[PDB]
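Data file: data-v2.pdb. Format and content: PDB, C-alpha atoms.
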```
MODEL        1
ATOM      1  CA  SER A   1      65.266  88.208 118.338
ATOM      2  CA  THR A   2      64.261  88.004 114.694
ATOM      3  CA  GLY A   3      63.869  85.394 111.942
ATOM      4  CA  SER A   4      63.869  85.594 108.148
ATOM      5  CA  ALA A   5      63.032  82.764 105.762
ATOM      6  CA  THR A   6      62.509  82.522 102.042
ATOM      7  CA  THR A   7      59.148  81.229 100.846
ATOM      8  CA  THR A   8      58.961  79.526  97.440
ATOM      9  CA  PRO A   9      56.005  78.780  95.132
ATOM     10  CA  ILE A  10      55.229  75.059  94.878
ATOM     11  CA  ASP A  11      54.465  75.224  91.160
ATOM     12  CA  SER A  12      54.335  77.488  88.127
ATOM     13  CA  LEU A  13      50.923  78.899  89.127
ATOM     14  CA  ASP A  14      51.833  79.973  92.692
ATOM     15  CA  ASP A  15      49.196  77.546  94.015
ATOM     16  CA  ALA A  16      50.864  77.745  97.432
ATOM     17  CA  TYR A  17      54.205  78.682  98.983
ATOM     18  CA  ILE A  18      56.528  76.532 101.096
ATOM     19  CA  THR A  19      58.979  77.703 103.718
ATOM     20  CA  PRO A  20      61.672  75.506 105.297
ATOM     21  CA  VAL A  21      61.224  74.873 109.022
ATOM     22  CA  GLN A  22      63.673  73.124 111.361
ATOM     23  CA  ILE A  23      62.047  70.709 113.825
ATOM     24  CA  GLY A  24      63.770  68.739 116.548
ATOM     25  CA  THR A  25      67.328  67.876 117.525
ATOM     26  CA  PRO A  26      69.184  67.239 115.325
ATOM     27  CA  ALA A  27      67.126  69.410 112.991
ATOM     28  CA  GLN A  28      64.653  67.785 110.640
ATOM     29  CA  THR A  29      63.836  70.282 107.896
ATOM     30  CA  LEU A  30      60.295  70.169 106.528
ATOM     31  CA  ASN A  31      58.770  72.508 103.953
ATOM     32  CA  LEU A  32      55.612  73.947 105.471
ATOM     33  CA  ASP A  33      52.765  76.028 104.106
ATOM     34  CA  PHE A  34      52.601  79.156 106.285
ATOM     35  CA  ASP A  35      48.901  79.796 106.761
ATOM     36  CA  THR A  36      47.582  83.050 108.273
ATOM     37  CA  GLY A  37      44.085  81.521 108.060
ATOM     38  CA  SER A  38      44.649  78.700 110.554
ATOM     39  CA  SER A  39      46.393  78.074 113.848
ATOM     40  CA  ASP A  40      47.812  74.531 113.891
ATOM     41  CA  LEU A  41      51.408  73.570 113.118
ATOM     42  CA  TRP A  42      51.007  70.035 111.775
ATOM     43  CA  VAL A  43      53.348  67.770 109.857
ATOM     44  CA  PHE A  44      53.529  64.573 107.907
ATOM     45  CA  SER A  45      55.278  62.157 110.257
ATOM     46  CA  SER A  46      56.453  58.630 110.972
ATOM     47  CA  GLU A  47      52.949  58.156 112.412
ATOM     48  CA  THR A  48      51.114  59.050 109.201
ATOM     49  CA  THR A  49      49.186  56.141 107.632
ATOM     50  CA  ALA A  50      51.688  54.821 105.089
ATOM     51  CA  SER A  51      49.284  54.778 102.126
ATOM     52  CA  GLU A  52      48.617  58.500 102.715
ATOM     53  CA  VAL A  53      52.269  59.510 102.345
ATOM     54  CA  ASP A  54      53.453  60.032  98.755
ATOM     55  CA  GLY A  55      56.756  61.891  98.527
ATOM     56  CA  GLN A  56      56.490  64.221 101.530
ATOM     57  CA  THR A  57      59.331  64.623 103.996
ATOM     58  CA  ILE A  58      58.262  63.288 107.387
ATOM     59  CA  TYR A  59      58.999  64.325 110.957
ATOM     60  CA  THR A  60      60.154  61.367 113.073
ATOM     61  CA  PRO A  61      59.847  62.336 116.738
ATOM     62  CA  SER A  62      61.691  59.233 117.975
ATOM     63  CA  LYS A  63      64.814  60.593 116.253
ATOM     64  CA  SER A  64      64.595  63.947 118.079
ATOM     65  CA  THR A  65      66.224  64.162 121.495
ATOM     66  CA  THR A  66      64.072  67.188 122.349
ATOM     67  CA  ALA A  67      60.706  65.696 121.301
ATOM     68  CA  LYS A  68      58.217  64.906 124.045
ATOM     69  CA  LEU A  69      54.772  63.393 123.640
ATOM     70  CA  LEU A  70      52.106  65.803 124.839
ATOM     71  CA  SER A  71      50.209  63.149 126.723
ATOM     72  CA  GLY A  72      46.538  62.781 125.874
ATOM     73  CA  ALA A  73      46.517  65.564 123.280
ATOM     74  CA  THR A  74      44.872  65.074 119.891
ATOM     75  CA  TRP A  75      44.013  67.374 117.019
ATOM     76  CA  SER A  76      41.700  67.351 114.025
ATOM     77  CA  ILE A  77      41.191  70.089 111.466
ATOM     78  CA  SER A  78      39.098  70.702 108.373
ATOM     79  CA  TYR A  79      39.918  73.470 105.928
ATOM     80  CA  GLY A  80      37.764  75.620 103.649
ATOM     81  CA  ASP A  81      38.695  73.562 100.594
ATOM     82  CA  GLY A  82      37.279  70.429 102.225
ATOM     83  CA  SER A  83      40.662  68.930 103.099
ATOM     84  CA  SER A  84      41.467  67.622 106.585
ATOM     85  CA  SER A  85      44.052  65.986 108.835
ATOM     86  CA  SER A  86      44.312  64.692 112.395
ATOM     87  CA  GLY A  87      46.670  63.062 114.864
ATOM     88  CA  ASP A  88      48.506  63.411 118.162
ATOM     89  CA  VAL A  89      50.927  66.021 119.506
ATOM     90  CA  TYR A  90      54.561  66.410 120.513
ATOM     91  CA  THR A  91      56.404  69.411 121.866
ATOM     92  CA  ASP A  92      59.767  70.086 120.263
ATOM     93  CA  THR A  93      62.157  72.830 119.225
ATOM     94  CA  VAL A  94      61.078  74.657 116.059
ATOM     95  CA  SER A  95      63.141  77.220 114.184
ATOM     96  CA  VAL A  96      62.158  79.439 111.269
ATOM     97  CA  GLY A  97      64.825  81.467 109.526
ATOM     98  CA  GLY A  98      67.038  81.567 112.602
ATOM     99  CA  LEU A  99      64.238  82.243 115.128
ATOM    100  CA  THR A 100      63.863  79.411 117.653
ATOM    101  CA  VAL A 101      60.917  78.428 119.849
ATOM    102  CA  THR A 102      61.355  75.691 122.427
ATOM    103  CA  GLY A 103      58.339  73.646 123.529
ATOM    104  CA  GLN A 104      56.334  74.340 120.368
ATOM    105  CA  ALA A 105      53.356  72.056 119.819
ATOM    106  CA  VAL A 106      54.113  69.990 116.720
ATOM    107  CA  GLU A 107      50.973  68.187 115.639
ATOM    108  CA  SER A 108      51.852  64.836 114.123
ATOM    109  CA  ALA A 109      49.451  63.585 111.462
ATOM    110  CA  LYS A 110      48.090  60.070 111.786
ATOM    111  CA  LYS A 111      45.650  60.737 108.927
ATOM    112  CA  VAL A 112      45.548  63.238 106.068
ATOM    113  CA  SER A 113      42.968  63.675 103.302
ATOM    114  CA  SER A 114      43.684  62.925  99.681
ATOM    115  CA  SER A 115      44.506  66.494  98.646
ATOM    116  CA  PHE A 116      47.433  66.510 101.082
ATOM    117  CA  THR A 117      48.674  63.094 100.007
ATOM    118  CA  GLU A 118      48.513  64.142  96.372
ATOM    119  CA  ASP A 119      50.678  67.220  96.951
ATOM    120  CA  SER A 120      54.220  65.939  97.425
ATOM    121  CA  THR A 121      55.643  69.436  97.893
ATOM    122  CA  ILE A 122      53.886  70.352 101.167
ATOM    123  CA  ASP A 123      55.114  68.570 104.312
ATOM    124  CA  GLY A 124      52.556  70.252 106.600
ATOM    125  CA  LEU A 125      51.168  73.621 107.684
ATOM    126  CA  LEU A 126      52.354  76.311 110.051
ATOM    127  CA  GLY A 127      49.374  78.295 111.276
ATOM    128  CA  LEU A 128      49.692  82.031 111.856
ATOM    129  CA  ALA A 129      46.108  83.012 112.699
ATOM    130  CA  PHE A 130      45.137  83.579 116.339
ATOM    131  CA  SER A 131      45.695  80.749 118.819
ATOM    132  CA  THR A 132      41.993  80.704 119.695
ATOM    133  CA  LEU A 133      41.507  78.635 116.488
ATOM    134  CA  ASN A 134      44.041  75.970 117.468
ATOM    135  CA  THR A 135      42.370  72.549 117.428
ATOM    136  CA  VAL A 136      44.424  70.662 120.031
ATOM    137  CA  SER A 137      42.262  69.006 122.685
ATOM    138  CA  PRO A 138      41.888  68.982 125.661
ATOM    139  CA  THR A 139      44.514  71.723 126.062
ATOM    140  CA  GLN A 140      44.580  74.272 123.237
ATOM    141  CA  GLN A 141      48.092  75.102 122.037
ATOM    142  CA  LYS A 142      49.753  78.316 120.891
ATOM    143  CA  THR A 143      51.000  79.154 117.406
ATOM    144  CA  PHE A 144      54.678  79.555 116.593
ATOM    145  CA  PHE A 145      54.179  83.327 116.412
ATOM    146  CA  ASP A 146      52.325  83.465 119.722
ATOM    147  CA  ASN A 147      55.144  81.510 121.398
ATOM    148  CA  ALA A 148      57.869  83.659 119.812
ATOM    149  CA  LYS A 149      56.193  87.029 120.288
ATOM    150  CA  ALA A 150      57.586  88.118 123.637
ATOM    151  CA  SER A 151      61.145  87.412 122.459
ATOM    152  CA  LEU A 152      60.843  89.282 119.168
ATOM    153  CA  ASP A 153      62.333  92.740 118.720
ATOM    154  CA  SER A 154      58.838  93.890 117.644
ATOM    155  CA  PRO A 155      55.677  91.734 117.928
ATOM    156  CA  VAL A 156      55.138  91.422 114.181
ATOM    157  CA  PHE A 157      55.627  89.193 111.199
ATOM    158  CA  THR A 158      55.545  90.158 107.532
ATOM    159  CA  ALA A 159      54.538  88.332 104.358
ATOM    160  CA  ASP A 160      56.228  89.316 101.111
ATOM    161  CA  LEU A 161      55.013  86.742  98.612
ATOM    162  CA  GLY A 162      56.408  86.684  95.094
ATOM    163  CA  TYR A 163      54.650  86.460  91.760
ATOM    164  CA  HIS A 164      56.127  83.423  90.031
ATOM    165  CA  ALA A 165      59.170  83.941  92.281
ATOM    166  CA  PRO A 166      60.383  83.393  95.842
ATOM    167  CA  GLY A 167      59.548  85.827  98.624
ATOM    168  CA  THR A 168      60.089  86.236 102.331
ATOM    169  CA  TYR A 169      58.504  85.763 105.751
ATOM    170  CA  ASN A 170      60.155  87.923 108.431
ATOM    171  CA  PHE A 171      59.546  87.691 112.167
ATOM    172  CA  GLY A 172      60.193  90.489 114.603
ATOM    173  CA  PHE A 173      61.119  93.336 112.247
ATOM    174  CA  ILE A 174      59.920  95.342 109.269
ATOM    175  CA  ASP A 175      62.381  95.402 106.361
ATOM    176  CA  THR A 176      62.040  98.993 105.165
ATOM    177  CA  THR A 177      63.873  98.111 101.926
ATOM    178  CA  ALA A 178      61.193  95.583 100.912
ATOM    179  CA  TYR A 179      58.410  97.990  99.942
ATOM    180  CA  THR A 180      57.824 101.325  98.235
ATOM    181  CA  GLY A 181      56.094 104.346  99.741
ATOM    182  CA  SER A 182      54.503 103.992 103.183
ATOM    183  CA  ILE A 183      52.714 101.170 104.999
ATOM    184  CA  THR A 184      49.023 101.859 105.592
ATOM    185  CA  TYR A 185      47.673 100.231 108.734
ATOM    186  CA  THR A 186      44.085  99.158 109.178
ATOM    187  CA  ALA A 187      42.003  97.762 112.045
ATOM    188  CA  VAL A 188      41.675  94.037 112.727
ATOM    189  CA  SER A 189      38.879  92.081 114.380
ATOM    190  CA  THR A 190      40.057  88.915 116.105
ATOM    191  CA  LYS A 191      36.506  87.795 116.972
ATOM    192  CA  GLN A 192      36.564  84.906 114.476
ATOM    193  CA  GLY A 193      40.247  84.087 115.123
ATOM    194  CA  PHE A 194      41.382  85.500 111.774
ATOM    195  CA  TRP A 195      43.311  88.534 110.585
ATOM    196  CA  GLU A 196      39.977  90.073 109.635
ATOM    197  CA  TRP A 197      39.879  93.602 108.248
ATOM    198  CA  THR A 198      37.727  95.876 106.063
ATOM    199  CA  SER A 199      38.860  96.992 102.629
ATOM    200  CA  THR A 200      37.600 100.414 101.579
ATOM    201  CA  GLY A 201      36.687  99.451  98.006
ATOM    202  CA  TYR A 202      37.895  98.401  94.595
ATOM    203  CA  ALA A 203      38.530  99.299  90.979
ATOM    204  CA  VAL A 204      38.673  97.203  87.819
ATOM    205  CA  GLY A 205      41.458  98.053  85.417
ATOM    206  CA  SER A 206      41.622 101.777  84.750
ATOM    207  CA  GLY A 207      38.065 102.206  86.006
ATOM    208  CA  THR A 208      36.873 104.496  88.751
ATOM    209  CA  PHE A 209      37.299 103.424  92.341
ATOM    210  CA  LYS A 210      34.137 102.205  94.072
ATOM    211  CA  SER A 211      34.049 103.136  97.739
ATOM    212  CA  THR A 212      32.469 100.253  99.592
ATOM    213  CA  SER A 213      33.338  98.302 102.742
ATOM    214  CA  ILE A 214      34.485  94.729 102.136
ATOM    215  CA  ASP A 215      35.114  92.688 105.294
ATOM    216  CA  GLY A 216      37.546  89.833 104.712
ATOM    217  CA  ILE A 217      40.539  87.898 105.984
ATOM    218  CA  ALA A 218      44.198  88.109 105.067
ATOM    219  CA  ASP A 219      44.918  84.441 104.334
ATOM    220  CA  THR A 220      48.284  83.314 103.002
ATOM    221  CA  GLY A 221      46.998  79.716 102.935
ATOM    222  CA  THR A 222      44.322  80.419 100.310
ATOM    223  CA  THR A 223      45.453  80.700  96.689
ATOM    224  CA  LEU A 224      42.821  82.993  95.221
ATOM    225  CA  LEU A 225      40.972  86.221  95.942
ATOM    226  CA  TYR A 226      37.359  85.544  97.005
ATOM    227  CA  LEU A 227      35.046  88.560  97.004
ATOM    228  CA  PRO A 228      31.300  89.306  96.882
ATOM    229  CA  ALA A 229      29.507  88.215  93.729
ATOM    230  CA  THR A 230      28.749  91.814  92.732
ATOM    231  CA  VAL A 231      32.467  92.719  92.754
ATOM    232  CA  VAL A 232      33.522  89.550  90.955
ATOM    233  CA  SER A 233      30.876  90.029  88.239
ATOM    234  CA  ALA A 234      32.074  93.594  87.673
ATOM    235  CA  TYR A 235      35.629  92.339  87.214
ATOM    236  CA  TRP A 236      34.876  89.502  84.766
ATOM    237  CA  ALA A 237      32.450  91.631  82.752
ATOM    238  CA  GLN A 238      35.590  93.437  81.491
ATOM    239  CA  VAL A 239      37.020  90.240  79.996
ATOM    240  CA  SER A 240      35.527  89.217  76.660
ATOM    241  CA  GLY A 241      34.209  85.675  76.821
ATOM    242  CA  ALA A 242      34.560  85.255  80.583
ATOM    243  CA  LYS A 243      31.759  83.365  82.330
ATOM    244  CA  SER A 244      30.938  81.561  85.527
ATOM    245  CA  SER A 245      30.990  77.831  84.960
ATOM    246  CA  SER A 246      29.140  75.626  87.432
ATOM    247  CA  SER A 247      30.831  72.558  85.920
ATOM    248  CA  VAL A 248      34.338  73.932  86.429
ATOM    249  CA  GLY A 249      33.516  75.604  89.750
ATOM    250  CA  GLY A 250      34.018  79.306  89.076
ATOM    251  CA  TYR A 251      34.822  81.980  86.553
ATOM    252  CA  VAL A 252      36.758  80.923  83.500
ATOM    253  CA  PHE A 253      38.024  83.032  80.647
ATOM    254  CA  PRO A 254      39.606  82.559  77.231
ATOM    255  CA  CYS A 255      43.308  81.848  77.619
ATOM    256  CA  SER A 256      43.867  84.317  74.743
ATOM    257  CA  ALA A 257      42.660  87.216  76.943
ATOM    258  CA  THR A 258      44.725  90.013  78.416
ATOM    259  CA  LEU A 259      43.353  90.479  81.935
ATOM    260  CA  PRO A 260      42.727  93.872  83.548
ATOM    261  CA  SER A 261      44.251  94.747  86.891
ATOM    262  CA  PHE A 262      42.235  94.778  90.103
ATOM    263  CA  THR A 263      42.722  97.405  92.791
ATOM    264  CA  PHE A 264      41.666  97.102  96.430
ATOM    265  CA  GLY A 265      41.559  99.830  99.057
ATOM    266  CA  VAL A 266      43.392  99.890 102.356
ATOM    267  CA  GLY A 267      42.176 103.031 104.053
ATOM    268  CA  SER A 268      42.961 105.836 101.612
ATOM    269  CA  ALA A 269      45.714 103.712 100.022
ATOM    270  CA  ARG A 270      45.398 101.421  97.003
ATOM    271  CA  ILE A 271      46.994  98.055  96.194
ATOM    272  CA  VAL A 272      47.057  97.119  92.493
ATOM    273  CA  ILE A 273      46.949  93.460  91.491
ATOM    274  CA  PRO A 274      48.304  93.223  87.925
ATOM    275  CA  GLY A 275      46.128  91.329  85.458
ATOM    276  CA  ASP A 276      48.698  88.562  85.009
ATOM    277  CA  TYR A 277      48.383  87.648  88.729
ATOM    278  CA  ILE A 278      44.737  86.719  88.069
ATOM    279  CA  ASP A 279      45.568  84.050  85.428
ATOM    280  CA  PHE A 280      45.563  80.494  86.816
ATOM    281  CA  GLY A 281      46.015  78.789  83.497
ATOM    282  CA  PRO A 282      44.133  76.083  81.593
ATOM    283  CA  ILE A 283      41.317  74.364  83.481
ATOM    284  CA  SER A 284      42.757  71.058  82.259
ATOM    285  CA  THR A 285      45.920  70.322  80.348
ATOM    286  CA  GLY A 286      45.728  71.684  76.799
ATOM    287  CA  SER A 287      42.465  73.552  77.287
ATOM    288  CA  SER A 288      41.989  77.069  75.929
ATOM    289  CA  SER A 289      39.672  77.865  78.858
ATOM    290  CA  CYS A 290      41.635  79.405  81.739
ATOM    291  CA  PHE A 291      40.719  79.598  85.424
ATOM    292  CA  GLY A 292      40.286  82.990  87.052
ATOM    293  CA  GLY A 293      42.134  84.174  90.144
ATOM    294  CA  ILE A 294      39.233  86.287  91.409
ATOM    295  CA  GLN A 295      36.217  84.214  92.414
ATOM    296  CA  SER A 296      32.980  84.651  94.312
ATOM    297  CA  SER A 297      32.895  84.189  98.065
ATOM    298  CA  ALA A 298      29.147  83.530  97.956
ATOM    299  CA  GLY A 299      28.537  80.420 100.022
ATOM    300  CA  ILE A 300      31.950  80.555 101.740
ATOM    301  CA  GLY A 301      30.511  82.905 104.329
ATOM    302  CA  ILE A 302      33.565  85.154 104.328
ATOM    303  CA  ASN A 303      35.629  87.144 101.845
ATOM    304  CA  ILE A 304      39.229  85.956 101.538
ATOM    305  CA  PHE A 305      42.222  88.086 100.568
ATOM    306  CA  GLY A 306      44.337  85.116  99.531
ATOM    307  CA  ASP A 307      47.676  84.939  97.769
ATOM    308  CA  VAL A 308      46.457  86.662  94.586
ATOM    309  CA  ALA A 309      45.864  89.799  96.651
ATOM    310  CA  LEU A 310      48.599  89.469  99.242
ATOM    311  CA  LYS A 311      51.406  88.876  96.746
ATOM    312  CA  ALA A 312      50.750  92.340  95.266
ATOM    313  CA  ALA A 313      51.724  93.860  98.645
ATOM    314  CA  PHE A 314      54.157  93.875 101.514
ATOM    315  CA  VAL A 315      51.899  92.830 104.398
ATOM    316  CA  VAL A 316      52.493  93.456 108.097
ATOM    317  CA  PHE A 317      50.766  91.221 110.623
ATOM    318  CA  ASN A 318      51.043  93.359 113.741
ATOM    319  CA  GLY A 319      50.502  91.242 116.845
ATOM    320  CA  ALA A 320      50.659  94.085 119.349
ATOM    321  CA  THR A 321      48.116  94.103 122.190
ATOM    322  CA  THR A 322      45.594  95.496 119.716
ATOM    323  CA  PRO A 323      46.473  93.743 116.458
ATOM    324  CA  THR A 324      46.432  95.573 113.139
ATOM    325  CA  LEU A 325      47.335  94.835 109.506
ATOM    326  CA  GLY A 326      49.608  96.944 107.320
ATOM    327  CA  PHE A 327      49.814  97.003 103.523
ATOM    328  CA  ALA A 328      52.404  98.644 101.288
ATOM    329  CA  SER A 329      53.006  98.534  97.559
ATOM    330  CA  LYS A 330      56.301  96.993  96.467
TER     331      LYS A 330
ENDMDL
END
```

What do you get writing this file as structure tokens?
Amino acid sequence: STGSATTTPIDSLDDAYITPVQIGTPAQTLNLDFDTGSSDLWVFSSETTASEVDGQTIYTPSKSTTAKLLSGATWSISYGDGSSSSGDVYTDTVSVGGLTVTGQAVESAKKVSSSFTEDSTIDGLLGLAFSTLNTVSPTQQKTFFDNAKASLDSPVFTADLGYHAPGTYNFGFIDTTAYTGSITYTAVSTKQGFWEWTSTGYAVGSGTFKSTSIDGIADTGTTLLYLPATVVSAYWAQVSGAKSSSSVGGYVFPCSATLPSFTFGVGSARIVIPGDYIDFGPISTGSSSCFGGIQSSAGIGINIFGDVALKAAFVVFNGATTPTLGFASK
């Protein structure tokens, strides 16, 4: 089998992407944030504290003839941005772009933190990291991809995120019309539960390529590109007036700037992030100070190849017995 679904930016900055997901019978369609950096499929629901729901579409398990309470199971997750959610668990039928999994754990939120409430466009998350990170207790549950894998034509999914435009998540096949040149594959460590890999270096604008190993995670659920402070300083030093602002919480730059591109290495191959992808707009409405899309990972504890990086590529998440990651230009 295969599936193919369009993923759409939630706003004009590409802060996140939502993908429609069918849950239950009859289908209840929710727009979920596909997150290769976590491993829980959780949704706003009829069980969510009413004051914490503000415009989201909710899953109502009592209206699904295929929903079953997973007795005794609870979940609770905290994300890198300090947000969190928790609740109980149902199993139900879940379909993405025509690909159907029966008995998928659907984690129903009883509580969500303010950042989730405040974002009306995201109805929950669909985790696509390794199932070892799944938070369901006392019986850990599998991701949608893990459950679908054996049925797929090939044990892969691909992320093709757009810049200020829709893109595509495919399951079970590689669309050879969706990228240019060849796909370069690179080794993955699953030891931390992430799609963790090592970039071979970087360049800033038209500058020379610096060969250096940068361990990090491919994370569709993180907006920005988080890299070591040395790398980030080298980038922003090429933008007149750019500075790190402790008050704002990262590098800012004059909105009048033209940003240089940023290149990262995948083996001997190179992915170029155009300068415009690195502009996240005014820090506050009407400001002439703009927020940068490349930020320091210092104090995160890990480098994160988030959407800024991934949307410059066609990315293969190869879930074969030994997982790997592939990157192509597009």

*Which residues, written as number ranges by chain, have at least one atom at most 7 Å from stretch 104-110 of chain A, with only C-alpha atoms counted and residues fewer than 6 positions away on the same chain left out?*
A: 41-45, 47-49, 85-94, 141, 144

*Could you write out as a PyMOL selection string the residues that the PyMOL selection byres ((chain A and resi 142) around 9) matches in the shown file?*
chain A and resi 39-40+104-105+130-132+134+140-141+143-147

Could those residues be written to a file, using C-alpha atoms, as a compact mmCIF listing (two decimals), in the coordinates of the input?
```txt
# COMPACT_ATOMS: atom_id res chain seq x y z
CA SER A 39 46.39 78.07 113.85
CA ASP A 40 47.81 74.53 113.89
CA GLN A 104 56.33 74.34 120.37
CA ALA A 105 53.36 72.06 119.82
CA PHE A 130 45.14 83.58 116.34
CA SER A 131 45.70 80.75 118.82
CA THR A 132 41.99 80.70 119.70
CA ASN A 134 44.04 75.97 117.47
CA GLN A 140 44.58 74.27 123.24
CA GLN A 141 48.09 75.10 122.04
CA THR A 143 51.00 79.15 117.41
CA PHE A 144 54.68 79.56 116.59
CA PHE A 145 54.18 83.33 116.41
CA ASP A 146 52.32 83.46 119.72
CA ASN A 147 55.14 81.51 121.40
```

*Kindly give the distance, in Å, that separates atom CA of residue A:77 and atom CA of residue A:297, rounded to a single decimal.*
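These two atoms are separated by 21.1 Å.
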
Proximity of stretch 73-117 of chain A to stretch 6-11 of chain A: per-residue shortest pair, 12 Å limit, only C-alpha atoms, as CSV:
```
residue,atom,partner,partner_atom,distance
A:96,CA,A:6,CA,9.7
A:97,CA,A:6,CA,7.9
A:98,CA,A:6,CA,11.5
```

*Specify as a VMD selection string each residue included when the PyMOL selection byres ((chain A and resi 267) around 9) is applied to this file.*
chain A and resid 184 to 186 198 to 201 265 to 266 268 to 270

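Across A:165, A:217, A:313, A:156, the tightest approach to residue A:190 is made by A:217 when counting all atoms listed in the file.
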
*Taking all atoms listed in the file into account, which of A:284, A:238, A:137, A:177 comes nearest residue A:75?*
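Ranking A:284, A:238, A:137, A:177 by distance to residue A:75, first place goes to A:137.
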
_Contacts of residue A:255 at 7 Å (only C-alpha atoms; same-chain gap of 5+ positions) as a list in words_ = residues 288, 289 and 290 of chain A

_Which of A:152, A:294, A:73, A:101 sits closest to residue A:21 [using all atoms listed in the file]_ = A:101
